[PDB]
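Residue strings, one per chain:
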Amino acid sequence: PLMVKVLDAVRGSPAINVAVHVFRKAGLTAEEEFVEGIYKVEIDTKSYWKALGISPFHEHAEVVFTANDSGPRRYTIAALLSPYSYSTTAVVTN
Amino acid sequence: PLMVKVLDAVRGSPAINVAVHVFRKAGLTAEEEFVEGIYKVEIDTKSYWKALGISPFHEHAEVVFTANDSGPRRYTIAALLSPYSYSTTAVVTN
Amino acid sequence: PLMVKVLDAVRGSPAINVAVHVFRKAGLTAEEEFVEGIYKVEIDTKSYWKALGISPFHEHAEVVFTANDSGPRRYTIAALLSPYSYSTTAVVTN
Amino acid sequence: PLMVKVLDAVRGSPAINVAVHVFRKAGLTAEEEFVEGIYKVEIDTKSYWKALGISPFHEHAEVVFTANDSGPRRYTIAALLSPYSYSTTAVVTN
Amino acid sequence: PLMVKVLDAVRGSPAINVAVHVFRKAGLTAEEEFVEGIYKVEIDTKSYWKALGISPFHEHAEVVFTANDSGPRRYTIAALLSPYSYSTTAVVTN
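Residues numbered from 1 in each chain as written, not as in the entry; some residues may be left out. Chains lettered and ligands numbered in written order. Heavy atoms only, no water.

Per the deposited record, the coordinates in this entry were obtained by cryo-EM to a resolution of 2.98 Å.

If you want it as structure tokens, here you go:
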């Protein structure tokens, strides 16, 4: 008798992020029966070489790898994954 | 007898993000029976080389890889995945 | 007897994002029986080389790869995946 | 008789992030039956070489790897994964 | 008779981050039946070479590895994973 109760009684303007998972149980990359990224925030994510495959650059491979991150980049974020009730959130740039 | 109750009683203007998952159970990339990205925010995501395949650049491959991220890029975001009730959210640029 | 109740009683102008999943069970890329992107926001996503195939650039391949991200790009977003009741959301540029 | 109660009684505009997981049980990368990233925030994440595959650069491979992170990059974030009720959150740049 | 009660009575605008996990039980990288990153914040994470594979650079491999982190990068974050009720959070730059 599995019973789960979340936020049974709610009143008064609450700001909630709810993540309820119920589970019952009676080759470069292998992933199975998984749950990922219920609330995921990715900012300025970089990935260059991934899962190239079978025998990459196997023989006589002259490879020059150059990765440059030289950009003027501004990330101004207010209240990231932060619910807020009866609040004041402001971003002011002068 | 699996029973799940979420937000059974709601009153008063609540701001909610709900993610309820119920599960019962009675080759470069292999992924099976998975749940991903219920609430995912990807900002400025970069991916250059992925899952190239079988025998990439197998023999006598002269490859020059150059990745440059040199751009003026502004990301101003307010209340990202942040529900807000009876609040004030403002982005002001002068 | 699987029973799921979400937002059984609702009153008072709530702003909700609902993601309810119920499941019962009685080759460069292989993915099976999966659920993805219920609420996914992709901003400025870049992908250059993906799933090229069988034997890419197999023999005597002289390849020069140059990836440049040098653009003036402004992303001003207010209340991204953030429901808001009895609130004030404004983007003002002067 | 598994019973879980979270936020049974709620009143007065609370700002909550809820992560409830219920579980019952009666080859470069292998991952199985896992739950990841319920609330994950990734900022300026870099990954260059991952899961290259079988026999990368197996024989007579002259490879020069250069990774440069030389960019002017400002990350101003207020209230990251920090719900706030009856509060004042402001980002002011002059 | 497993019974778990969290936040049974809530009143007065509390700001909470809740992480409740209930569990019952009646080859470069192998990970199984794990829960990770319920509340994880990754800032300026770098990873260069990971999970290269079977026999990387197996024979006669002349490889020069150079990793440079020479960028002007400012990370100003207020209230990271710090819920705050009836508070004042401000980031002011002059």
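Draft legend 1. Fine view of the arrangement of the chains. For the non-touching pair chain B and chain D, the nearest C-alpha separation works out to 7 Å. The two units chain C and chain D are non-contacting; their minimal C-alpha-C-alpha distance is 12 Å. (Contact = heavy atoms within 4.5 Å.)

Draft legend 2. Representation of the pairing of strand β3 (residues 15-25) of chain D in the model. Counting buried residues in β3 of chain D gives 10 out of 11 residues, a clear majority hidden from the surface. Two elements, strand β3 (residues 15-25) of chain A and β3 of chain D, share 11 bridges in a ladder whose sense is parallel. Paired with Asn-17 of chain A across the strands is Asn-17 of chain D, a residue of β3 of chain D. (Buried < 20%, exposed > 50% of the residue type's maximum accessible area, 1.4 Å probe, protein only. Helix = DSSP H or I, 4+ residues; strand = E, 2+ residues; numbered from the N terminus. Pairing = 2+ DSSP bridges.)

Draft legend 3. Layout of the layout of surface pockets. The space that makes up the second largest pocket amounts to roughly 630 Å³. In terms of lining residues, the second largest pocket is bounded by 23 residues, among which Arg-74, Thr-76 and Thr-93 of chain A, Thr-76 of chain B together with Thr-93 of chain D are the most central. Here the lining of the second largest pocket is composed, by residue class, of eight nonpolar, 10 polar and five charged. (1 Å grid on protein atoms, 1.4 Å probe; cavity = no way out; pocket = protein on both sides within 12 Å on 5 of 7 lines; lining within 4 Å. Points joined across faces, edges and corners; volume = space filled by probe spheres on them. Nonpolar A, V, L, I, M, F, W, Y, C, P; charged D, E, K, R; others polar.)

Draft legend 4. Seen up close, a negative patch on the surface. Residues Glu-62 of chain A, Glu-62 of chain B, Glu-62 of chain C, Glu-62 of chain D together with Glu-62 of chain E make up a contiguous surface patch of negative charge. Tracing the backbone through its elements, the reader meets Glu-62 of chain A in strand β9 (residues 62-69). Assessed through its relative accessible area of 42%, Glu-62 of chain A is described here as partly exposed. (Patch = residues over 30% accessible without salt bridge, like charges linked within 9 Å, V, L, I, M, F, W, Y side chains within 5 Å. Areas by Shrake-Rupley, 256 points an atom, 1.4 Å probe, with all protein chains shown as cover. Salt bridge = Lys/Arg side-chain N within 4 Å of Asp/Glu carboxyl O. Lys, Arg positive; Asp, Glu negative; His and termini not counted. Charge placed at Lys NZ, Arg CZ, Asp CG, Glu CD.)

Draft legend 5. Quick peek at the pairing of strand β1 (residues 3-6) of chain A. For β1 of chain A and strand β1 (residues 3-6) of chain D, the ladder comprises four bridges, and the chain directions are parallel. By the bridge assignment for β1 of chain D, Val-6 of chain A is matched with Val-6 of chain D.

Draft legend 6. Examining the interface of chain D and chain A more closely. Facing 94 residues of chain D, the contacting portion of chain A comprises 94 residues. Of the roughly 7600 Å² buried at the junction of chain D and chain A (both faces included), carbon and sulfur atoms supply 49%. A salt bridge links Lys-46 of chain A to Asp-44 of chain D; the nearest nitrogen and oxygen atoms lie 2.5 Å apart. The interface formed by chain D and chain A contains 99 residue pairs in polar contact. The element contributing the most residues to the side of chain D that touches chain A is β3 of chain D, with 11 residues. A per-class count over the side of chain D that touches chain A returns 50 nonpolar, 25 polar and 19 charged. (Buried area = accessible area lost by both parts, 1.4 Å probe. Polar contact = N/O pair within 3.5 Å; in protein donor to acceptor, adjacent residues only side chain to side chain.)

Draft legend 7. Region of the structure containing the side chain of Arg-73 of chain A. Inspection of the secondary structure puts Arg-73 of chain A in strand β10 (residues 73-80). Exposure remark for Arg-73 of chain A: the relative accessible area of 0% places this residue in the buried category. One polar contact links the side chain of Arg-73 of chain A to the main-chain carbonyl oxygen of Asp-69 of chain B, over a distance of 3.2 Å. In contact with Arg-73 of chain A, other than residues within four places in its own chain, are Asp-44 and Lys-46 of chain A, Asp-44, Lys-46, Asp-69, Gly-71 and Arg-73 of chain B together with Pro-72, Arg-73 and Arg-74 of chain D.

Draft legend 8. Inspection of the nonpolar core at higher detail. If you look at the biggest cluster of nonpolar residues, it comprises 36 residues, and the most contacted ones within it are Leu-80 of chain A together with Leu-80 of chain B. Residue assignment for this core shows that the elements contributing at least two residues are β6 (40-43) and β10 of chain A, β6 (40-43) and β10 (73-80) of chain B, β10 (73-80) of chain C together with β6 (40-43) and β10 (73-80) of chain D. When residues no more than four places from it in sequence are discounted, the contact partners of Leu-80 of chain B are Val-41, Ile-77, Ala-78, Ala-79, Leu-80 and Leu-81 of chain A, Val-41 and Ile-43 of chain B together with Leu-80 and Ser-82 of chain C. Counting residues in each nonpolar core, the second largest holds 33 residues, with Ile-16 of chain A, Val-10 of chain B, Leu-7 of chain C together with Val-18 of chain E among its members. (Core = buried A, V, L, I, M, F, W, Y, C linked by side-chain atoms within 4.5 Å.)

Draft legend 9. A look at the packing of aromatic side chains. Per the counting criterion, the structure on display carries 59 aromatic pairs over all chains. Seen in terms of ring centroids, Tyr-48 of chain B and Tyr-48 of chain C are 4.8 Å apart; in terms of plane orientation they differ by 0°. Their pairing is stacked. Placement of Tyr-48 of chain B in strand β7 (residues 46-50) and of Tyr-48 of chain C in strand β7 (residues 46-50) is noted, with the two residues assigned to different chains. For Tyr-48 of chain B, a relative accessible area of 0% translates into the label buried. (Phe/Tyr/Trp six-rings, centres within 6.5 Å; stacked < 30°, edge-to-face > 60°.)

Draft legend 10. Structural view of the pattern of salt bridges. Residue and element names in this part refer to chain B. Applying the stated criterion to the full structure yields 34 salt bridges over all chains. For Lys-40, the salt bridge is made with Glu-36, and the minimal N-O distance between the two is 3.1 Å. Across the pair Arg-73 and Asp-44 runs a salt bridge whose closest N-O atoms are separated by 2.6 Å. Of this pair, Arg-73 sits in strand β10 while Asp-44 sits in the loop between β6 and β7; the two residues are 29 residues apart in sequence, bridging distant segments of the chain.

Draft legend 11. Structural view of the interface of chain B and chain A. In this complex, chain B contributes 94 residues to the contact, which on the side of chain A involves 94 residues. Of the roughly 7600 Å² buried at the junction of chain B and chain A (both faces included), carbon and sulfur atoms supply 49%. The interface formed by chain B and chain A holds one salt bridge in total. The tally of links from chain B across to chain A stands at 99 residue pairs in polar contact. Examining the composition of the side of chain B that touches chain A, we find that 11 residues originate from one element, strand β3 (residues 15-25) of chain B, more than from any other. Class assignment for the residues of the side of chain B that touches chain A results in 50 nonpolar, 25 polar and 19 charged. Alignment of strand β2 (residues 9-11) of chain A against strand β2 (residues 9-11) of chain B, held across three bridges, turns out to be parallel. Its bridge partner lying in β2 of chain B, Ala-9 of chain A is registered against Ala-9 of chain B.

Draft legend 12. Representation of the sheet that holds strand β5 (residues 35-36) of chain B. Across the sheet, which stays open at both edges, the five strands sit in the order β5(C)-β5(B)-β5(A)-β5(D)-β5(E) with parallel pairing between neighbours. The sheet is open, and its two edges are formed by β5 (35-36) of chain C together with β5 (35-36) of chain E, each paired on a single side. Where strand β5 (residues 35-36) of chain D lies against β5 of chain E, two bridges are found, and the strand directions are parallel. Bridging across to β5 of chain E, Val-35 of chain D finds its partner in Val-35 of chain E.

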